[PDB]
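K.L.:
Below you'll find the sequence and an experimental structure to go with it.
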Amino acid sequence: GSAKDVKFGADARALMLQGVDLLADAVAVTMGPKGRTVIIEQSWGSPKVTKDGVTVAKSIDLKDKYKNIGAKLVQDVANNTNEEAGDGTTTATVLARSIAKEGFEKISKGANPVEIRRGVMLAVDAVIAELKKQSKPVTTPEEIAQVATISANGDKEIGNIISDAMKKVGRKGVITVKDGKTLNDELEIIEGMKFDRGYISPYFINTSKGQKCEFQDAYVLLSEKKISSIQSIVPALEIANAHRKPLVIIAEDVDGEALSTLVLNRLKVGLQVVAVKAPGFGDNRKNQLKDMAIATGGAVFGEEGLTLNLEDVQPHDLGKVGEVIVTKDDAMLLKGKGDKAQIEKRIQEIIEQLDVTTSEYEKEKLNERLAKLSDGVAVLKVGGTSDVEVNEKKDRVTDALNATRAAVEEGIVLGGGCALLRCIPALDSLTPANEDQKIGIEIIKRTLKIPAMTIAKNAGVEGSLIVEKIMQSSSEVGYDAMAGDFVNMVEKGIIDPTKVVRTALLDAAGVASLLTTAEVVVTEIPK
Amino acid sequence: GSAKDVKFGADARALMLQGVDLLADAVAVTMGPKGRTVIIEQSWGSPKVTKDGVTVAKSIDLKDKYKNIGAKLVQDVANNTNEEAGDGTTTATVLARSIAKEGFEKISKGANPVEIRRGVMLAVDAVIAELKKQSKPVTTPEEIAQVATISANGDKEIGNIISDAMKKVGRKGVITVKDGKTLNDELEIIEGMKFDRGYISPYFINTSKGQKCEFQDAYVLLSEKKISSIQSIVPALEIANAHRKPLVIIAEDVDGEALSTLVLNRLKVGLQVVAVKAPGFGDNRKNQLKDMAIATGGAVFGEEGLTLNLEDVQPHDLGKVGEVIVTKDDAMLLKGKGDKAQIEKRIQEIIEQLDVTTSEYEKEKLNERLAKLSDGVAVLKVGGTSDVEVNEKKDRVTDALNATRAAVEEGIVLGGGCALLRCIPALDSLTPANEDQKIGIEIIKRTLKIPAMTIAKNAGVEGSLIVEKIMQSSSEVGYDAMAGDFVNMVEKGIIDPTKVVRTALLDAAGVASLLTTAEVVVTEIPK
Amino acid sequence: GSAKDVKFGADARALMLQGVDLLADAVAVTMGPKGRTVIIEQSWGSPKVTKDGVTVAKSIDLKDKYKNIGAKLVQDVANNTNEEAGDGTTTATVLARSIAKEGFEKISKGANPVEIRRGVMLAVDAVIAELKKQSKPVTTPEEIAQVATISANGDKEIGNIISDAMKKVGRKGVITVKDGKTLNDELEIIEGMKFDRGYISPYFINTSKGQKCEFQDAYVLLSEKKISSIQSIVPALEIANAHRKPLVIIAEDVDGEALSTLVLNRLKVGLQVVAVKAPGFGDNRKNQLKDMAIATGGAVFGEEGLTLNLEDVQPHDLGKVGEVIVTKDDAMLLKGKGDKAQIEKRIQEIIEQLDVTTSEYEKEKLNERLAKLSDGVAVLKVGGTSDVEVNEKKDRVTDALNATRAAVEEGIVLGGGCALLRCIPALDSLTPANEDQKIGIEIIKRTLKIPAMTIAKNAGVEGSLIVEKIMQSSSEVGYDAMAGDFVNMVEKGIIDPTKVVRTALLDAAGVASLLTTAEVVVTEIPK
Ligand SMILES: Nc1ncnc2c1ncn2[C@@H]1O[C@H](COP(=O)(O)OP(=O)(O)OP(=O)(O)O)[C@@H](O)[C@H]1O
Ligand SMILES: Nc1ncnc2c1ncn2[C@@H]1O[C@H](COP(=O)(O)OP(=O)(O)OP(=O)(O)O)[C@@H](O)[C@H]1O
Ligand SMILES: Nc1ncnc2c1ncn2[C@@H]1O[C@H](COP(=O)(O)OP(=O)(O)OP(=O)(O)O)[C@@H](O)[C@H]1O
Ligand SMILES: [K+]
Ligand SMILES: [K+]
Ligand SMILES: [K+]
Ligand SMILES: [Mg+2]
Ligand SMILES: [Mg+2]
Ligand SMILES: [Mg+2]
């Protein structure tokens, strides 16, 4: 309907590259141990100071729509890297810039950019195979502290506290971050649980800073049957809201009308309510349901055995937590007010079920239920004197936790951009199908030198000399941009998770090689 | 009522041609195996990268209204080709440009453009007769894989998975495309329903991306009679209001008051409901509704035998699907929660009904019911690392599926624009009625060289030499624009569906020859 | 109340002439067999391509209000000709231009434009008398096919299908046009009826393309008395709400409150309802009511005999149609779901009423009822590959049907503007009263050569030489602008209805001679 502006050829590509270059030049100053921060003006209050790459990327939009298309594409790169890795967004941004630039620099009349994209993706597949080859598994908590220290801009306190947090709880344990009122950071180990079901509707969010629903001292409603009917929720809503306590709803499947009633009470009069789907695809659903009802003090409704209905609800059947956090993909309960004796009875029942099971698949479910009910969670309270320092350190702690989880789950490689420098001979052993595929392979081969060059460039030295010196050294020797020396990267602790590196490379390559294939760009006429 | 700007003669034609040329120049870069992509700015979020011609055509509007008229007419060409064939929109666009240009150039004082249009339509009828003459029936699954590979920009994975899909579900089976969370594509065979009735009111759409109504884990309400009264729908709406699963309504005819109440609940409070007309005409309608109620677990209301009324409705009388998709022209049911024993009993009843029928018209209806209840549905999940790559690959997969359906419907011809090049000697034998019909025949004869020239142009070579060498070669020799050589197009698999080619040519010719009959263009004064 | 701009003398006349000349120059390009089309931009999407003169006229408005007055006056000419003839609007437009121009030219100080207007109307009366003298009745269906072929821009397919439609249904039978989904046109004979009562309130219009009410599978409510009371329509609207079929209300006189209730349900919630007055006056009214009730299956309410009231209405007392079309001046029922045996019994009752009567005035009413029950309805479905093609052919099909009806009603004359050329000696036999009547007679005498000149001018030749060659030839020799030769017009089939020609001439002359009497033009100052 709206009038459109259409551009052709290399002018649209030049404008798109200009937007890509603006956003990636703003992001690339944050890279490494000599990286600097970015101040982002906030419309409501105090401005935000950050070193996190996706926060810099999301904050940038341009009036020029042709530049804004490239800005949005690199934003998609940074957002995908933050979503499936939680770290390495600056690396993905500079890799995407390099692929987009070297792809725009190689488009001619006889060139086929789709075959160039095929070559690019084939070369990235080769490099990810070599990354999986070079990777080694994390076996010592010293490496855990090293990963969390490197990912938190060389903060040894953050790495030590994260290593202690998963020493006390679990390498696959639940570790959370929140604001602290003290100057220094602290770690508290408290009882809690966490399951992988998020909210059902996005209208429940009352905290637009982390897109999550946050209540304190709220009721919790467990049910084996789907909490559906009007006479299933309206007595429940009356009992919950009328008691001066908010309501958390756990049920199997919630789709249709009563959530729209919940939204009508949330948006008009402001009812503090949230609904979460129940985890479990069988008897484990009922088992975890009963475990959370025991830990919270509430009961289970719609069950097969007792047949407790949601019409006749009483206040002494609703569980009480001290805190609940409901995100898009996961929800969690904190400090349930259930009886300690009943919790101990359920823990001993789980032990006696673990003593009579040998199928090696229900045993890990019972062990997960025991780890949920028994050891609790970890909470990092981040110190500082103002909210801007707390927010910047919180971003660093989130990066360090994400990287540490990725290094537990997939392993580690060499840091400082050296693990991409070591994958060049794998591209030197490829045989291209045709010339455009060779162009794509050479594009990826030149792109693999970019993160180390950016790290060294932020350190005030010439990155190409550094990178040449790294390629002429042995396989364990890279650059330490904090110290300014060429060292053994493993024994000095400069290591990266393999998952973060491969996620950044793949998410950069796909979007940037799709951007290279363009010939015509269509934007709207600005009004 | 509004003030108008009126232009006469060749100035209005020149401006209209200018709009046609802008839209078709944006579309023509996408053609062939060396075609490039088009980035379209999206107002909400990330921009859209596409190679599909009708998306580029529909994304372009102009401020100049005289140019916008030609843009809308070529957009109508592309839309009609996408509706009637699902493929070949870029070819229809370049053919429409060629006919519009050659018709605008041929208009003089003594010329009759309506007789020129008559000549155009006569020549296109001749060329479509020759296309139906040259067509060969697809009798190998290798040809299936070749068609789906060519239509998906030379992607052998998409062609292989589509060929395997209709190896599993049948050539006239149903294959669907949806988003995938993995990197690579995969094929899943579910048991599901699909019939050729769409939604009745257009207010039922929730997802505005494909103009379809999509629910998951939804109730299903079937009635042999029309769901007709407020006291028929209000028990059903109170069940879907309380028991909280989306309501899918299968009824004979729905036009009046209760659907307006349904729209009122759709728009004000947001009731997730959809209504679909019943398929079939006669006892086949009742048989299909009984089959659907058996497969979903629900019952049939308003029947002649049992006389189960729509006033007394129970929760255990509604079917439960796992997913429902209702588009404008067809609807679909996924994972009906019916009894397996009841479904098997209905399948054996259908077998025993097939064993006592010999009229050869009810036998194909019974076989269609058997393939509905037994053969199932096919699901293609499209992989990728970002939504833009997934969306562009989904466009290519939809093109390949549409072209494979057209090739099992009407056979195949030569690819690369060669089947239009082979119809020139058919035009070299028509005798024109008069001079203007001769002009129209020559316009079509020059237009028949255009798709091959555009394909060769996008491949970096000069297309007139290519077309001249194809026309001097044998009937089985065309250009391989991917390989840059002259090959056997049947042996190398470069083949097009006949239906796509004739649909594109007819839809281009009609609108372009109607455009070239215009002396006066009336537009609105811009405010 | 608004401030006004007032102009005097020949400047205002020149500006009005300018508007008349703009609209008539846009319309005159469409005239004849070598006429061209006009593209009109539509705000809701695809533009309209047309050759119909009144469609071009109604689409043109000017910003300068002095030109807009003349444009709207020629719009009144074209609209009146389209209303009382259905054809000849381009001829009326060019005649009105000629009279307006030659009247503005002849205005001097001593001239009286009102006696000039009297001369104009006297001369037009003479020419219409000579047209009625030259007219010949249509006796052969070859002339029917010739009229419908000429009126549809010279294709024999529309003429052949229209001639076959009144061979199957009759020359006074009803023939309707709707869009077809096929490429080619086809003729369908359906059983239906048609009376001359339109809608009663204009709020019932749902389809704003032809200002008509369009329902399918609709209830029908017939009453012999006026459907007046609230408790007469609340059971009926309750049944329409409780059964989901649009209510078609047929009653005697409908003026008051319950139609305002119908409008309130039409606009707020959307009740599909329409009310039509009952045709006939007296016993014929109730006879047609009983015929339509026994044809649709419903009953008659408020009757004298059975006394069936509108308070107690049952679902088995409403008729069911398959299609109903309610326009401004007439309504029409298609596919009534009545008993075939009851319809046959009413047919034999009508035959046995015909066999005992000789009054020769209600016998034609009985024959009309028999035709409404037995003769049927022709439906012309228009083919094409796009909606612009379908609309452009549908305008010509409507023009050909209108012309064929006018040629059945009043006969035929020579085509190509020759029947106006043959009326010049009749004007050469008048004796004017004074000199201004002589001026008006000479104005009409010069105007009578304009349609043939415009036809020849659209054919690329000089129209004045053609017209001078026509007047020197015999009375049966005129120009054939398609073939460019002078032929026998009756033998070659180039014929026009007499009614169309006289309607166009009279409607042009009245408005143009009223326009040429103006000394002062008062417009509004634009804001
Ligand atoms: N002392 C060091 N010497 C050399 N390289 C280092 C050193 N410390 C960290 N690095 C490297 O710097 C990179 C970390 O940069 P940074 O954390 O700013 O960006 P990122 O991981 O791409 O993205 P994000 O902004 O999301 O954290 C990693 O490649 C890491 O190996
Ligand atoms: N390797 C090839 N060599 C030559 N011609 C080819 C080759 N592969 C495909 N073609 C031809 O290119 C055309 C396909 O182009 P493309 O799919 O981009 O456009 P389209 O079918 O006109 O429209 P749409 O954009 O809707 O898909 C067909 O005529 C096909 O035969
Ligand atoms: N082959 C022909 N040779 C000469 N005159 C012809 C021929 N065919 C049609 N005509 C004449 O052309 C006129 C028809 O023109 P046209 O139908 O375009 O306009 P119209 O009847 O004035 O109005 P409308 O736009 O409503 O159709 C008639 O006078 C008809 O007799
Ligand atoms: K950073
Ligand atoms: K294309
Ligand atoms: K005309
Ligand atoms: Mg980091
Ligand atoms: Mg294609
Ligand atoms: Mg006409």
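P.N.:
Great, that's in hand. Numbering: from 1, shown residues only, chains lettered A, B, ... in the order given. Ligands and ions are numbered 1, 2, ... in the order given.

K.L.:
contacts and neighbour counts: CA atoms only from here.
P.N.:
Fine.

K.L.:
Just list the residues touching the residue nearest to the spatial centre of chain A, thanks.
P.N.:
Centrality entry for chain A: nearest residue to the mean C-alpha point is residue A:86, 3.4 Å, by Cα atoms, centre = their mean. Contacts of residue A:86 were listed using Cα atoms under 8 Å, 6 or more residues apart in numbering or on different chains, and they are A:398, A:399, A:402, A:403, A:500.

K.L.:
ok, and the most crowded of these?
P.N.:
residue A:403 (28 neighbours; other Cα atoms under 10 Å in any protein chain shown).

K.L.:
Test my guess that that one contacts residue A:146.
P.N.:
No. In this structure residue A:403 lies outside contact range of residue A:146 using Cα atoms under 8 Å: 10.7 Å.

K.L.:
number of nearby residues for residue A:268?
P.N.:
8.

K.L.:
distance of it from residue B:244?
P.N.:
With distances taken as Cα to Cα, to the nearest Å, residue A:268 is found 22 Å from residue B:244.

K.L.:
And for residue A:416?
P.N.:
According to Cα to Cα, residue A:416 stands 54 Å off from residue B:244.

K.L.:
and chain A, which residues reach ligand 4?
P.N.:
In this structure, chain A approaches ligand 4 at residues A:30, A:31, A:51, A:52, A:53, judged by Cα under 5 Å from the ion.

K.L.:
So is the helix or strand harbouring residue A:232 next to chain B?
P.N.:
In this structure, residue A:232 is located in helix A:230-242 according to DSSP states H and E. Yes. Taking Cα under 8 Å from any Cα of the partner chain as the criterion, helix A:230-242 and chain B are in contact, through A:230, A:231.

K.L.:
buried sites along that helix?
P.N.:
Buried residues in helix A:230-242, defined by neighbour count with 16 or more other Cα atoms under 10 Å in any protein chain shown: A:230, A:232, A:233, A:234, A:235, A:236, A:237, A:239, A:240, A:241.

K.L.:
Just send those back as a markdown table, with distance to residue B:437 too.
P.N.:
Converted to a markdown table, these look like this (distance: Cα to Cα, whole Å):
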| residue | distance to residue B:437 |
| --- | --- |
| A:230 | 72 |
| A:232 | 76 |
| A:233 | 75 |
| A:234 | 76 |
| A:235 | 80 |
| A:236 | 79 |
| A:237 | 78 |
| A:239 | 83 |
| A:240 | 82 |
| A:241 | 81 |
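
K.L.:
OK, contacts around the one residue in chain A that gets nearest to chain B?
P.N.:
Residue of chain A nearest chain B, by Cα to the nearest Cα: residue A:229 (3.7 Å). The contact partners of residue A:229, taken as Cα under 8 Å, 6+ apart, are A:258, B:241, B:242, B:243, B:244.

K.L.:
Which of those residues sits closest to ligand 2?
P.N.:
Distance to ligand 2 across the contacts of residue A:229 (Cα to the nearest ligand atom) is lowest for residue B:244, with 41.1 Å.

K.L.:
Spatially nearest residue to that closest one, not counting backbone neighbours?
P.N.:
Closest residue to residue B:244 in three dimensions, ignoring its sequence neighbours and counting by Cα to Cα, 6 or more residues apart in numbering or on different chains: residue A:256, at 4.8 Å.

K.L.:
Show me what the helix holding residue A:232 is packed against.
P.N.:
In terms of contacts (3 or more Cα pairs under 8 Å, 6 or more residues apart in numbering or on different chains; DSSP states H and E), helix A:230-242 is packed against strand A:247-251, helix B:230-242.

K.L.:
Check for me that the residue nearest to the centre of chain A belongs to a strand.
P.N.:
No. Residue A:86: not assigned to a strand; according to DSSP: H, G, I helix; E, B strand; the rest coil it is coil.

K.L.:
How many residues are close by the nearest residue to residue A:237 once chain neighbours are set aside?
P.N.:
Using Cα to Cα, 6+ apart and skipping the chain neighbours, the partner closest in space to residue A:237 is residue A:247 (7.9 Å). Residue A:247 is flanked by 26 other residues according to other Cα under 10 Å.

K.L.:
Help me confirm that residue A:123 comes into contact with residue A:444.
P.N.:
Yes. The pair formed by residue A:123 and residue A:444 meets the contact definition of Cα under 8 Å, at 6.5 Å.
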